[PDB]
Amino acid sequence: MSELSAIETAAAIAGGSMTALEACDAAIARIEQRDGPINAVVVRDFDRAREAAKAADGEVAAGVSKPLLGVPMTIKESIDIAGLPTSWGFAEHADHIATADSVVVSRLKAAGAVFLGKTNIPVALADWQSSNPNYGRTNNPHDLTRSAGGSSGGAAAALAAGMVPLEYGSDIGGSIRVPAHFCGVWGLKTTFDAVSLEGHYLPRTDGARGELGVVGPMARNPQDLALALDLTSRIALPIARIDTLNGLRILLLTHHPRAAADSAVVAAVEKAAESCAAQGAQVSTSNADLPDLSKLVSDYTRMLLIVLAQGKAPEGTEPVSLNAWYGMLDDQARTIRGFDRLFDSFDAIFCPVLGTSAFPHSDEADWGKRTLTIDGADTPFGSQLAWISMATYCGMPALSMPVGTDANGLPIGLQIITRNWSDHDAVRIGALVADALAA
């Protein structure tokens, strides 16, 4: 995976080092040579993408340039591409062919990107694994016996094995940060509502899930993410105000009242913070303005179940009332205001993405029957939603970036949470953390 970044590829084409057809063909080759044991790129559109790369070469020949002109990428299978299936892993929807490009795909195509195909997902996007009966299971390129993460697991696998330089996923339950963390790549959970969800539709519907969930880019480096964000946000977002770790105010959370963290994950996160502190950052371990993380886990869980159920209840059970739902949105807004106050005293929160590194494949559907080994002991699998709850419930942007490996060689990720609409700041703090950690 020493491969060219997306910005590098475009510049390669813009100076003439290579053609857009050459770059497209190299990515097709990397997928065929590398994807057999990984099974990340489960929907392929190679003939159409080649014709498209030829088109982009005719553009550059005519003087045209665009920030992604000729760069091959793939996208999560749940995001519509005109002419390709969108199934979300349901057997019933394996042959649902999308009729329109999603808005993200439209934007990236308009910047000149070329789509080779789509990457794998769990059934209903409801797992931190990617396995389903239409395409099968994606395996972590760092260790084929372990999960690639989910639900943007294919995207993260494909990035980690260097197939394509850019991807785009979705996150309602960690589904961008968790795969990026398990496979050792960068994933940006964006500020709520900052990127349009048009085309991230439940198959056969033109409805999206209008609370909690976001879409955001995935790459091997922070510069590709920043560019991919600028090209897809519905409007232009504030530039990074940060430009140095000197004086940066960091809130370091290695403990969570609703979930444990393996000693190696804690150590990795703490070492990210000490590197920054050594570059002049001021790191705190507690603060009075920090919201009740336990209450927040429960409020996020209650809302998440209602959203995925679309407000329906089993029979013998009364649905939540519209009025009570409005009350829940008020509770949400109150918790968000809590974080606004915390971010008056802090530029970023550093914490785990998850309490473990990638876990071994699990055939058990029900999460209440899974465990995770944490410092030698079995713990409840579902508890780990705690770590990703803050930024989904309260809308904040949140980066997952690689910071180490555990003793078995599995990637370990750091989560960087910044204030709503400061997504470029989360990317920039990550780049600077990578510098300090090289130091």
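Numbers follow the displayed sequence, beginning with 1.
Visitor: Should the higher mean CA B-factor in the entry be assigned to 381-389 or to 49-57?
Guide: Taking the mean B-factor of the alpha carbons in each, 49-57 is higher.
Visitor: Using the B-factors recorded in the PDB entry, average over the C-alpha atoms of 179-187 and of 233-241, then report which stretch comes out higher.
Guide: Taking the mean B-factor of the alpha carbons in each, 233-241 is higher.
Visitor: Taking the Cα B-factors listed in the entry, which of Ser130, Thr145, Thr335, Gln310 comes out highest?
Guide: Within the set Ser130, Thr145, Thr335, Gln310, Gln310 shows the top C-alpha B-factor.
Visitor: Out of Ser151, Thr356, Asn139, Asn246, whose C-alpha atom has the biggest B factor in the entry?
Guide: Highest C-alpha B-factor among the listed options: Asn246.
Visitor: Ranking every modelled residue in this chain by its Cα temperature factor as given in the entry, which third contains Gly36?
Guide: Ranked within chain, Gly36 CA B lands in the middle tercile.
Visitor: Within this chain, which third does the Cα B-factor at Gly404 fall in: lowest, middle or highest?
Guide: It falls in the middle third of the chain.
Visitor: Hey, what third does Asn323 fall into on Cα B-factor, ranked over its chain?
Guide: Its C-alpha B-factor belongs to the middle third of this chain's values.
Visitor: Quick check on the deposited entry: does the C-alpha B-factor of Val214 sit in the lowest, middle or highest third of its chain?
Guide: Within its chain, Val214 is a lowest-third residue by C-alpha B-factor, going by the deposited values.
Visitor: If you rank every modelled residue in this chain by C-alpha B factor, which third holds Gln415: lowest, middle or highest?
Guide: Within its chain, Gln415 is a lowest-third residue by C-alpha B-factor, going by the deposited values.
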